[PDB]
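Take a look at the structure set out below.
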2 protein chains.
Amino acid sequence: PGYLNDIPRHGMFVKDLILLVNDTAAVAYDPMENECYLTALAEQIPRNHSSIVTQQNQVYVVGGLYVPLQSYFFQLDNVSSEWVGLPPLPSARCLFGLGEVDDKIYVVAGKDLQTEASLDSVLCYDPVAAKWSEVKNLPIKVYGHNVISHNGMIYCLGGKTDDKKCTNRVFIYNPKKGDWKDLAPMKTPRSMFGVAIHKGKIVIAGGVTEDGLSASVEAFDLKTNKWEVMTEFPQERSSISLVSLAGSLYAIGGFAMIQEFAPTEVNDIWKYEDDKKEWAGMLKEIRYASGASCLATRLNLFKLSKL
Amino acid sequence: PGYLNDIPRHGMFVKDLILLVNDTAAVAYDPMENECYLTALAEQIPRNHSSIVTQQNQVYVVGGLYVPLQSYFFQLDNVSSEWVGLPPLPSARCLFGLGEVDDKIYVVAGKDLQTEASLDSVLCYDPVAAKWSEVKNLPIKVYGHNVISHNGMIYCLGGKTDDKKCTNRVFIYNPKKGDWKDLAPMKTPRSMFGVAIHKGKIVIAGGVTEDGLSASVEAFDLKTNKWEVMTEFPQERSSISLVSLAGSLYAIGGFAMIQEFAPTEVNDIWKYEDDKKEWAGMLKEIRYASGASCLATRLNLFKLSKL
């Protein structure tokens, strides 16, 4: 038979790890070794926030209030493991999406924190010139949507539109011509859900629906590009965090419904088994996942600390 | 559903790795990350040698000649990554087996390097008093057999007996009463083969037989304790090195038959997939496996060097 690999690499002490950032710390987690490390303390990181990692290994956080009423913007300094304050998001905003192409970061839509109104406004931070600006607005006003980046394109999915219904709409942003396009919609309109790239499909997991909590897993093949169904999540949950770690799709946490019965956070980890098509329970409880945004990243081991 | 793990551990920078020791270096290999590191240089390590790791993380090597005509005995100093010369094996000997219980190391049988004769003689090295002695002789004279240790017991398997036929005999050594016992024999008499503990069965892989090269995989359940058959190796090979790494059974290298057609070393890695019952090709070529004894060990990452 054939082999997975032809020649071995020389290791450099770099590990693909799940980075869990909440308001106490950014903790690195290795699901295969069931072990955690400290990457950075995070006492200044706002409890309600979104997170993104470049490409380069640059972690950015957007969220909270303020530092004209605004939102914080941080970059993790990988050399010092200190969080850097950056030009703040001009808008105080929640329940938005975060994208990124060629080092530039995109905050899409919201949920104005002052006004309570839905936004279509898209802000792009340029890290060379160190400044934010308004690019083309999203075709809808929305919050509760999710955003992911792939091959220099930005995708916006689901959300709640300006009535208060969930939307199934899917939009693509080309930075090099600056327009949004509707793509084929998802089967299940949803907000507050998990998203990741997984070979090379946009996978979406659970959420709130017109029927409330969902365990539905869909995938947009990037590609046909059609929507197809994957094995449903073991439990109906909102705000599952999906991450692609090396070859594999992980699911971290999410909410509810548990027991008077209310949406309540579960701090567990699951892994999709591609062969078999099953969700496998990895870790029952990880306290570091509580309140945490979740990211796959390539970390230098000798920059981590023992917990 | 349930979960594999309940609580996460705090990582300590320790990794289960395949240690490949030959006459140039001891190279650590991570089959899951397809990466290698240097653990120690090994220019003094004899090309024909056997290897064993304690329990504690102590690597010993026996082989070659000499330093009354003897064999070298080395211990890897984990702190300095230097090989320590230890009291030499009183006997110059090859094609023996290596065992170990409670820090003591056992050299069983051979293949006298001076005399050419098969031995039944068993030598035990005591590391506290730093000295070798003769314990109870094996019930047969044999070479080409293999030896593994489990739960304070030592097992001796196969080999060529004093005629020149392969044997199917299996012996257990209890150090605390000092006797050898025949256990149930294997189905296929063999010499020059691979052995490992795998849940909690003594797995044996390939070898030379009365029919020459074998791809046969058997397992002694430790336990029924009966012999059962596993999925045959992809190729008939002698001297496959078997290692249990964390949950998983790996097979490294072995010989032949290739192409005038002669037994020739293949420097590849395979992994048994327990679910499915298949051998999966991991790595086509690893040059560090050439001439190498192979061991699963728990290494401190910050003690390794970049290659």
Side-chain angles (χ1 to χ4, degrees), chain A residues 15-31 33-54 57-67 70-86 88-89 92-96 98 105 113 192 194 237-243 245 250-256 258 262-270 282-301 303-307, chain B residues 3 5-13:
Chain A
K15 279 282 307 61
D16 309 297
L17 295 172
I18 306 180
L19 210 237
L20 315 159
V21 2
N22 66 22
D23 62 313
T24 79
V27 163
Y29 161 78
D30 188 336
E33 301 290 321
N34 188 224
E35 62 179 40
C36 301
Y37 293 99
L38 181 58
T39 124
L41 300 179
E43 72 178 1
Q44 345 96 289
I45 298 297
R47 40 294 309 171
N48 308 324
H49 68 87
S50 284
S51 209
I52 192 163
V53 197
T54 243
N57 293 294
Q58 305 312 124
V59 180
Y60 294 86
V61 160
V62 178
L65 186 143
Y66 97 99
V67 280
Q70 296 166 297
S71 271
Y72 297 107
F73 187 40
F74 290 99
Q75 194 192 341
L76 209 214
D77 183 55
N78 292 341
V79 149
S80 71
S81 310
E82 279 196 8
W83 293 92
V84 175
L86 265 49
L89 210 253
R93 190 192 289 216
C94 76
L95 306 165
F96 51 79
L98 272 186
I105 140 173
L113 277 165
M192 307 303 286
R237 312 198 174 163
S238 65
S239 298
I240 291 161
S241 293
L242 249 29
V243 310
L245 223 229
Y250 290 86
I252 305 104
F255 289 79
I258 313 150
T264 154
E265 175 182 77
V266 191
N267 296 312
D268 62 358
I269 277 91
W270 299 79
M282 223 84 307
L283 220 197
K284 183 162 179 197
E285 188 174 58
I286 171 159
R287 77 190 174 91
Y288 306 116
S290 179
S293 62
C294 303
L295 265 16
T297 189
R298 291 172 250 112
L299 296 175
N300 302 312
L301 299 180
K303 279 286 153 191
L304 307 173
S305 290
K306 285 139 137 153
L307 282 163
Chain B
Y3 302 84
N5 307 283
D6 293 325
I7 72 197
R9 321 182 286 97
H10 295 170
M12 296 175 60
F13 307 112

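Numbered from 1 within each chain, the chains take letters A, B, ... in sequence-line order. Atoms considered below: every heavy atom in the structure, side chains included; atoms not considered: hydrogens, waters and symmetry mates.
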Intermediate values then yes/no, side chain to side chain contact (heavy atoms under 4.5 Å, CB included), A/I252 and A/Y29: CA-CA 11 Å; A/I252 305 104; A/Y29 161 78; 6.0 Å; no
Evaluation steps, side chain to side chain contact (heavy atoms under 4.5 Å, CB included), between A/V59 and A/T39: CA-CA 11 Å; A/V59 180; A/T39 124; over 6 Å; no
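The salt bridge (charged side-chain N to carboxylate O under 4.0 Å, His left out) search around A/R93 returns none, not counting sequence neighbours. In this structure B/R9 satisfies the side-chain hydrogen bond (donor to acceptor under 3.5 Å, both in side chains) test together with A/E35, sequence neighbours excluded. In this structure, the side-chain hydrogen bond (donor to acceptor under 3.5 Å, both in side chains) partners of A/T54, at least two apart in sequence or on a different chain, are A/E100. Looking at residues two or more places apart in sequence or on another chain, you find a side-chain contact (heavy atoms from CB on, under 4.5 Å) between A/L86 and A/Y60, A/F73, A/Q75, A/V84, A/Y125. Legend: residues meeting salt bridge (charged side-chain N to carboxylate O under 4.0 Å, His left out) with A/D23, ordered by chain and number and at least two apart, are A/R47. In this structure A/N34 satisfies the side-chain hydrogen bond (donor to acceptor under 3.5 Å, both in side chains) test with no other residue, sequence neighbours excluded. Legend: residues meeting ring pair (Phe, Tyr, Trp, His ring centres under 6.0 Å) with A/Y66, ordered by chain and number and at least two apart, are absent. The side-chain contact (heavy atoms from CB on, under 4.5 Å) test applied to A/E265 returns A/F255, A/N267, A/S290, not counting sequence neighbours. Residues passing the side-chain contact (heavy atoms from CB on, under 4.5 Å) test with A/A40, sequence neighbours excluded: A/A26, A/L76, A/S81, A/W83. In this view, A/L307 and A/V27, A/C36, A/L38, A/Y288, B/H10 satisfy the side-chain contact (heavy atoms from CB on, under 4.5 Å) rule, not counting sequence neighbours. Evaluation of the side-chain hydrogen bond (donor to acceptor under 3.5 Å, both in side chains) rule for A/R287 yields no partner, not counting sequence neighbours.
Counting only heavy atoms from C-beta outward, the side chains of A/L304 and A/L17 approach each other to under 4.5 Å. Looking at heavy atoms from C-beta onward, A/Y37 lies out of side-chain contact with A/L299 at the 4.5 angstrom threshold. Taking the side chain as every heavy atom from C-beta outward, A/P31 and A/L245 approach each other to under 4.5 Å.
Scanning both residues, A/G63 and A/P46, for their nearest heavy atoms gives O-CG, 3.5 Å. Between A/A92 and A/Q70 the shortest heavy-atom distance is CB-O, 3.4 Å. Heavy atoms only, all atoms of each residue included: A/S71 and A/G64 are closest at OG-O, 2.7 Å. Closest non-hydrogen pair, A/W270 versus A/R237, comes out as NE1-NH2, 3.7 Å. Residues A/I240 and A/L242 approach most closely at CG2-CD1, 3.7 Å, considering heavy atoms. Taking each heavy atom of A/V79 and A/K303 in turn, the nearest pair found is O-NZ, 2.9 Å.
A/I45 CD1 to A/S51 OG: the interatomic distance, rounded to the nearest 0.5 Å, is 8.0 Å. A distance of 8.0 Å separates CD of A/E82 from CD of A/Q44, quoted to the nearest 0.5 Å. A/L65 contributes atom CG, which lies 7.5 Å from atom OH of A/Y72 (distance to the nearest 0.5 angstrom).
A/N78 places a side-chain N or O within 3.5 Å of a backbone atom of A/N57 that can act as its donor or acceptor partner. B/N5 places a side-chain N or O within donor-acceptor distance of the main-chain N or O of A/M282, the cut-off being under 3.5 Å. Between the side chain of A/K284 and the backbone N or O of B/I7, no donor-acceptor pair lies under 3.5 Å.
Screening residues 70-79 of chain A for salt bridge (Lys or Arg N to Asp or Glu O under 4.0 Å) gives no qualifying pairs among residues at least two apart or on separate chains.
The only member of A/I269, A/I18, A/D268 that meets side-chain contact (heavy atoms from CB on, under 4.5 Å) when paired with A/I286 is A/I269.
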